[PDB]
Amino acid sequence: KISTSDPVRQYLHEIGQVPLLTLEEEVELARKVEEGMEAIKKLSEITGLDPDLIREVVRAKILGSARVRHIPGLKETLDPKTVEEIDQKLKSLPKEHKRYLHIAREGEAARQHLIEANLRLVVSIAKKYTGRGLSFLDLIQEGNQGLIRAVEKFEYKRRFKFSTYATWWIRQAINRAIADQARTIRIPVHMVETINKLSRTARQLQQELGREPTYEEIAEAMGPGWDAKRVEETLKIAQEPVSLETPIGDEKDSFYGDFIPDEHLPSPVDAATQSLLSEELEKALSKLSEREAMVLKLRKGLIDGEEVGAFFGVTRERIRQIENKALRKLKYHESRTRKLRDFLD
Amino acid sequence: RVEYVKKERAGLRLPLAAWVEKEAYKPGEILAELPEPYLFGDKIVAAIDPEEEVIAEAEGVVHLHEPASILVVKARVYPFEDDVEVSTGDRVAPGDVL
């Protein structure tokens with residue numbers, strides 16, 4: 001049944017079940033999130049297993065079995081042997097060392113709740129960056145992409161509350177998500193902004209004159225390096241692509257598409273030209289002394305159309321030499337039997 | 001299971017304030033921490049500290065409630081070794097086969 005009412009209901013419940021204390025429990029899980037990294041960075045100082053490993057095997061022990069490492073990502077890690085053997089090394093750790101793992105686990109665990117809690121905070125912000133080009137659930141989604149991003153960066157030792165710290169990140173997320181996924185054609189953030197101002201000035205312009213500004217007025221208003229050439233160029237890209245499929249003329253069955261011709265293809269009077277050209281050019285190409293003819297047949301003709309790096313090993317002089325004489329001798333036997341005169345092309 | 005504390009008395013609890021009152025984390029006066037009934041393991045003075053903090057200088061601070069979480073679970077204390085199948089649970093205190 002109709003999405004979002006569920007995805008909102010899905011966490012209104014859980015959140016509604018565990019709204020973590022503004023300070024206490026946010027601090028709790030907070031503290032229990034840093035000693036995670038501490039721990040792991042130290043485990044690595046003992047296991048040799050890269051931080052990634054220690055960090056990846058503690059998650060698979062708490063959140064999801066072999067199943068999680070098999071589908072989301074292929075089998076670089078053996079469902080059994082790999083993980084199990086990695087954790088097998090964490091138990092072999094002395095009391096002092098096995099100490100951190102027991103922490104690393106509960107910590108990641110702490111990272112879970114904290115994030116689940118503030119999932120209501122996401123949708124709150126999300127409730128405003130609504131109209132752009134990103135679905136509401138999508139908006140929420142890339143919105144969480146900044147929240148969990150906060151979890152790594154926070155510093156409980158610096159007394160400033162969490163909720164507000166996530167705010168920045170979150171909003172940062174949604175914003176990049178707006179500059180990236182909102183259109184069919186990708187434009188840089190630089191031009192993105194360059195487009196708002198260019199559209200923001202048109203506003204104060206509609207305000208007075210009455211004439212929807214010429215690319216001269218809008219150009220002045222904006223500033224420095226803005227030439228009438230630019231604005232006409234900067235707005236064409238502004239407009240959103242038009243549907244290849246759209247009711248054309250007397251909107252009925254007639255689909256806009258048939259209206260656009262094709263080109264890559266040689267419309268018959270072009271294929272018919274190859275067969276004459278190609279067969280005739282090759283013909284005259286046989287009454288020439290192999291050499292130059294071939295190196296120039298293969299040079300312009302074969303690889304990519306530098307008289308110097310032309311012929312095999314003979315110098316430039318014998319290049320031009322037989323060139324202008326052969327080529328031209330070629331031109332005056334063809335002109336006779338008028339085969340290539342009528343410019344096929 | 002009970003979460004945080006405040007002030008009235010601190011007995012049979014965790015290692016939290018164990019540092020706030022040096023006596024038991026520097027020396028061994030926690031057994032003398034009682035103020036008067038001696039001349040005539042956890043326990044603290046009548047009431048001296050208020051919250052969850054670190055006291056080199058009251059830096060890491062946080063004044064707050066005390067939750068009474070009811071987690072329906074079975075809490076074992078001195079589990080022992082039964083090796084028919086894989087050694088389940090735990091040992092008294094040493095090895096942690098869990």
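By the method listed in its record, X-ray crystallography, this PDB entry was determined to a resolution of 3.3 Å.

### Section: empty space enclosed by the protein
Vacant regions in the atomic arrangement are exposed by a probe of water-molecule size rolled over the atoms. All names here are of chain A. As a volume, the largest cavity reaches approximately 90 Å³. Taken together, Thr-22, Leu-23, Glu-26, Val-27, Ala-30, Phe-154, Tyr-156, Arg-158, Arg-159, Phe-160, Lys-161 and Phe-162 form the lining of the largest cavity. Class assignment of the residues belonging to the lining of the largest cavity gives a composition of seven nonpolar, one polar and four charged. If you go around the second largest cavity, the residues you meet are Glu-292, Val-295, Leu-296, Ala-310, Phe-311 and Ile-319. No other element matches helix α15 (residues 290-303), which puts three residues into the lining of the second largest cavity. The residue makeup of the lining of the second largest cavity, split by class, is five nonpolar, no polar and one charged.

### A few points about the UniProt feature "binding site: Mg(2+) 7" (unreviewed entry) in chain A
Residues and elements named next belong to chain A. UniProt feature "binding site: Mg(2+) 7" (unreviewed entry): in the numbering of this structure it lies at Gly-223 and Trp-226. The topology assignment puts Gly-223 in the loop between α12 (217-222) and α13 (228-236). Looking at the element boundaries, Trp-226 is found in the loop between α12 and α13. A relative accessible area of 16% places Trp-226 in the buried class. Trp-226 has contacts with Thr-194, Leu-198, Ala-219, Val-231 and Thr-234, leaving out every residue within four places of it along the chain.

### Here's the deal with the side chain of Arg105(A)
Along the polypeptide, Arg105(A) turns up in helix α7 (residues 95-117). Its relative accessible area of 19% is what places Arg105(A) among the buried residues.

### Focus: helix α9 (residues 136-153) of chain A
Between its first and last C-alpha atoms α9(A) spans 26 Å; for 18 residues at 1.5 Å apiece the expected length is 26 Å, and the two agree. For α9(A), the elements touching its buried residues are α1 (5-17), α2 (24-47), α7, α8 (119-126) and α10 (163-181) of chain A.

### Thoughts on the interface of chain B and chain A
When the parts of a complex come together, some accessible area is lost, and that lost area is often taken as the interface size. Listed as interface residues are twelve residues of chain B and, on the opposing side, nine residues of chain A. Both faces combined, the contact of chain B with chain A buries some 900 Å², and carbon together with sulfur accounts for 48% of it. Our count for the chain B to chain A interface comes out at one salt bridge. Residues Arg31(A) and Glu52(B) are paired through a salt bridge, measuring 3.2 Å at the closest nitrogen-oxygen approach. On inspection of chain B and its partner chain A, the count reaches four residue pairs in polar contact. Here the residues of the side of chain B that touches chain A sort into eight nonpolar, one polar and three charged.

### Considering the environment of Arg111(A)
All names here are of chain A. If you trace the backbone, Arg-111 turns up in helix α7. Sequence separation of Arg-111 and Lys-32 is 79 residues, and the distance between their C-alpha atoms is 7.9 Å. Not counting residues up to four positions away in its chain, the partners in contact with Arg-111 are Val-33, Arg-59, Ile-148 and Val-151.

### With respect to α1(A)
Residues and elements named next belong to chain A. Under the 1.5 Å per step criterion, the end-to-end length of α1 is 18 Å for 13 residues, consistent within 8% with the ideal 18 Å. Listed as buried for α1 are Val-8, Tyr-11 and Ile-15. Buried positions in α1, seen along its axis, are confined to an arc of 80° and lie on one side of it. Turned more than 90 degrees from where α1 packs its buried face, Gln-10, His-13, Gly-16 and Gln-17 sit exposed. Each element contacted by the buried residues of α1 is listed here: α7, α8 and α9.

About the criteria used
- Residue labels reflect position in each chain's written sequence, counted from 1, rather than necessarily the entry's numbering. Residues lacking coordinates are not shown.
- Following the order in which they are written, the chains are lettered starting with A and the ligands numbered starting with 1.
- This view holds some of the chains of a larger assembly, and the values cover only those chains.
- Side-chain measures here rest on the full set of heavy atoms in the structure, leaving out hydrogens and waters.
- In this analysis, the protein atoms alone were mapped onto a 1 Å grid. Cavities are point sets where a 1.4 Å probe fits without being able to get out; pockets are open sets with protein on both sides within 12 Å along at least five of seven lines; lining residues have an atom within 4 Å of a point.
- Grid points are joined across faces, edges and corners, and a volume is the space filled by probe spheres set on the points.
- For this scheme, ten residues count as nonpolar: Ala, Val, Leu, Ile, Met, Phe, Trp, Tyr, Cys and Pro. Four count as charged, namely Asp, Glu, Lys and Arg, and the remainder, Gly too, count as polar.
- Numbering goes from the N terminus for both helices and strands, where a helix is a DSSP run of H or I of at least four residues and a strand is a run of E of at least two.
- UniProt positions are given in the numbering used here, feature names are shortened, and annotations may be inferred rather than shown by experiment.
- Residue burial is assigned from relative accessible area. The probe radius is 1.4 Å, only protein chains are included, and a residue is buried under 20% of its type maximum, exposed over 50%, and partly exposed in between.
- Two residues form a contact once any of their heavy atoms are found within 4.5 Å.
- Here, expected helix span is obtained from the residue count minus one, scaled by 1.5 Å.
- Here the quantity called buried area is the total loss of accessible area, with a 1.4 Å probe, experienced by two parts when brought into contact, counted for both.
- One side-chain nitrogen of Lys or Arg within 4 Å of one carboxyl oxygen of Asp or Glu is enough to make a salt bridge.
- In protein, a polar contact requires one atom able to donate a hydrogen and another able to accept it; more generally it is a pair of N or O atoms within 3.5 Å, and residues adjacent in sequence count only if both atoms are side-chain atoms.
- What the arc covers is the set of directions going from the helix axis to the C-beta atoms.

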